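Below is one structure, written out as structure tokens; comments come after it.
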Amino acid sequence: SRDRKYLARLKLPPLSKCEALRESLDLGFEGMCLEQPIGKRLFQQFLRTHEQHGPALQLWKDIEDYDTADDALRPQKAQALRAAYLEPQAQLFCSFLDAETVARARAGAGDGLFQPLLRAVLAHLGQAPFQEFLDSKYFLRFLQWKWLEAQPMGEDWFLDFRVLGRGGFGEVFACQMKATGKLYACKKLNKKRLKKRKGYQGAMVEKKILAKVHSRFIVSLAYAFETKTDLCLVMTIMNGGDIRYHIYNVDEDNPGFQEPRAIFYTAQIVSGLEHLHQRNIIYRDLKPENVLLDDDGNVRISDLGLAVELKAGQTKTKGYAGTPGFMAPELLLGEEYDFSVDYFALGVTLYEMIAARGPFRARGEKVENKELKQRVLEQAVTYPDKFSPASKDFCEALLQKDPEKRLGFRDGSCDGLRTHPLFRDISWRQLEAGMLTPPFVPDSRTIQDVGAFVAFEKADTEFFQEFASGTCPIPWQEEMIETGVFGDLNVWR
Ligand SMILES: Nc1ncnc2c1ncn2[C@@H]1O[C@H](COP(=O)(O)OP(=O)(O)OP(=O)(O)O)[C@@H](O)[C@H]1O
Ligand SMILES: [Cl-]
Ligand SMILES: [Mg+2]
């Protein structure tokens with residue numbers, strides 16, 4: 001189940017020890033009470049047991065419920081919400097709202113009703129209620145948790161029990177957090193090998209990006225430490241492995257996906273792309289081999305070592321990186337580029353899910369890289385009849401050789417791409433919240449042995465200590481909640 005010796009080191013400290021922390025933390029409302037899972041829970045208990053804020057809590061909860069409920073149910077839920085909180089003679093009536101918002105909220109509909117009302121409620125909650133919360137026993141308890149979150153939790157706390165895969169710098173293991181029982185993947189990078197092959201920069205960029213981005217469509221970093229021989233990244237476990245295995249290696253006679261399945265994965269990859277592009281990051285390594293699948297049947301993107309973060313007032317970059325057959329014409333030509341290259345590789349990826357072969361070579365054909373580059377620059381793609389009219393069109397709109405014409409990310413978003421007929425039966429709102437059932441669930445399917453193969457300077461040592469930054473806060477708080485430890489220790493008397 002879990003190790004009693006490591007479970008017994010999760011205990012709340014006496015308050016005296018939490019003094020210093022006050023200075024080191026952001027005590028802003030958005031950052032503490034909305035973005036940190038344990039902060040939100042505690043804030044919500046305060047609002048629940050101080051009953052004058054009761055009307056504001058239940059309106060908050062009923063908006064989130066409306067936002068993620070499915071189409072047929074929404075019309076009735078809107079009517080309920082209006083009546084409960086927005087009629088003057090109602091019991092849970094929200095006086096604190098201003099006359100305009102109150103008025104505007106009681107009329108019409110749309111794909112985002114009550115988004116202005118949700119801002120008005122958070123705006124209110126950030127003033128008096130928040131101020132009183134800081135004077136309460138619940139804020140003090142927040143500090144106890146943030147202290148425990150900061151204690152050292154390195155190599156000794158994880159048990160490796162099986163090999164999941166092999167990368168360029170070492171193995172990736174399935175492992176267990178000893179105190180809570182939770183399962184993760186741990187990717188190992190050999191230090192001596194990283195040095196001789198000049199891979200520091202690629203390793204650091206991947207770790208920086210996986211720490212700061214928080215999306216259900218990209219693998220999440222929970223811990224980063226060092227051992228005497230390796231650097232380690234502990235991250236979301238994806239037990240189904242890569243999407244490419246599933247195209248070719250399961251049904252040999254009849255490879256490829258049915259169309260509804262191919263569309264669903266396409267929609268999840270677009271959301272992850274969007275979360276990268278909103279932060280000015282270019283991925284540069286999208287392919288079936290790097291899209292992974294979990295026990296429930298959802299996917300995420302991985303392998304971020306080829307990525308580039310655009311600096312202040314830079315809109316394009318140069319550089320020859322990627323996998324032949326996935327690199328767009330503008331890149332092959334030596335031009336400057338932006339997000340365009342990611343949307344071409346998305347075209348190649350959908351094509352292969354449906355057809356079980358690439359658009360520029362027959363299945364099991366052998367082509368030297370120089371010939372494959374000429375094909376991408378000049379060849380028209382042909383489409384066999386496994387494609388519908390909609391999926392043919394969508395692929396043509398991404399594989400388009402002129403990036404000025406290609407569909408993708410513009411004016412802050414992928415909302416133009418989302419309206420394509422291909423997606424007509426997909427509920428974007430529900431997909432983004434994690435509440436569609438995937439139309440395939442992983443059935444019965446769950447590594448050959450090989451052997452293994454200069455002192456360091458302070459430059460190397462100091463680089464290793466900077467890489468090994470410790471525990472990421474949002475994922476740690478989730479672990480504590482999911483596994484039941486929050487429930488057992490968050491008690492008073
Ligand atoms: N989060 C994960 N969950 C489960 N398995 C994983 C996970 N991450 C990686 N793996 C397995 O380990 C293999 C190598 O991982 P990864 O792509 O991160 O290596 P890499 O050395 O960065 O690859 P490349 O040299 O292609 O950039 C993957 O193909 C996959 O099978
Ligand atoms: Cl299928
Ligand atoms: Mg890599």
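By convention here, the first residue in the shown sequence is residue 1. When a ligand or atom number is given, it counts from 1 through the structure's own listing order. Values below: every heavy atom of this structure, side chains too, minus hydrogens, waters and symmetry copies.
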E352/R357 ion pair, N-O < 4.0 Å
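No salt bridge links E352 with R357.
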Proximity winner for [atom], if only heavy atoms of [options] are counted:
atom: atom 2 (C) of ligand 1; options: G240, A185, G167; result: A185
atom: atom 7 (C) of ligand 1; options: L292, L233, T236; result: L292
atom: atom 25 (O) of ligand 1; options: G168, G170, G165; result: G168

Which heavy atom of the protein is the closest neighbour of [atom], given with residue, atom name and distance?
atom: atom 18 (O) of ligand 1; value: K187 NZ, 2.9 Å
atom: atom 10 (N) of ligand 1; value: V172 CG1, 4.0 Å
atom: atom 4 (C) of ligand 1; value: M238 O, 3.2 Å

Which residue in the set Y283, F409, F344 passes ring-ring contact (aromatic ring centres under 6.0 Å, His included) when paired with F339?
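Output: one option passes, namely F409.
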Does even one non-hydrogen atom of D242 get within less than 4.0 Å of ligand 1?
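Contact check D242 vs ligand 1: negative.
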With a 4.0 Å cut-off on heavy atoms, does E206 reach ligand 1?
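The answer is no, since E206 has no heavy atom less than 4.0 Å from ligand 1.
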Distance filter under 4.0 Å to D303 heavy atoms, resulting ligand 1 atoms
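The list of qualifying atoms is 17 (O), 22 (O), 23 (O), 24 (P), 26 (O), 27 (O).
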Ligand-side contact atoms (ligand 1) for residue partner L164, heavy atom cut-off under 4.0 Å:
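Matching atoms, with element in brackets: 4 (C), 5 (N).
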Would you say the ring centroid of [X] lies under 6.0 angstrom from that of [Y]?
X: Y351; Y: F387; value: yes
X: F158; Y: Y223; value: yes
X: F440; Y: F264; value: no
X: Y343; Y: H277; value: yes

Within-cutoff protein neighbour (heavy atom, under 4.0 Å) for atom 14 (C) of ligand 1:
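Given the 4.0 Å limit, the answer for atom 14 (C) of ligand 1 is yes, a protein heavy atom qualifies.
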Hey, is atom 30 (C) of ligand 1 under 4.0 Å from any protein heavy atom?
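Protein heavy atoms within 4.0 Å of atom 30 (C) of ligand 1 - there are none.
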Within 45° cone of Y66 ring axis and under 6.0 Å: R74 NZ or CZ
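So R74 does make the cation-pi contact.
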In terms of ring plane angle, is the pair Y200 and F463 parallel, tilted or perpendicular, where the classes change at 30° and 60°?
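Correct class here is parallel.
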Restricting to N/O/S, name the atom of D303 that gets closest to the Mg ion (ligand 3).
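In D303, the heteroatom (N, O or S) nearest the Mg ion (ligand 3) is OD1.
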Are any side-chain N or O atoms of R284 and backbone N or O atoms of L306, one a donor and one an acceptor, separated by less than 3.5 Å?
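Here the side-chain-to-backbone pair exists.
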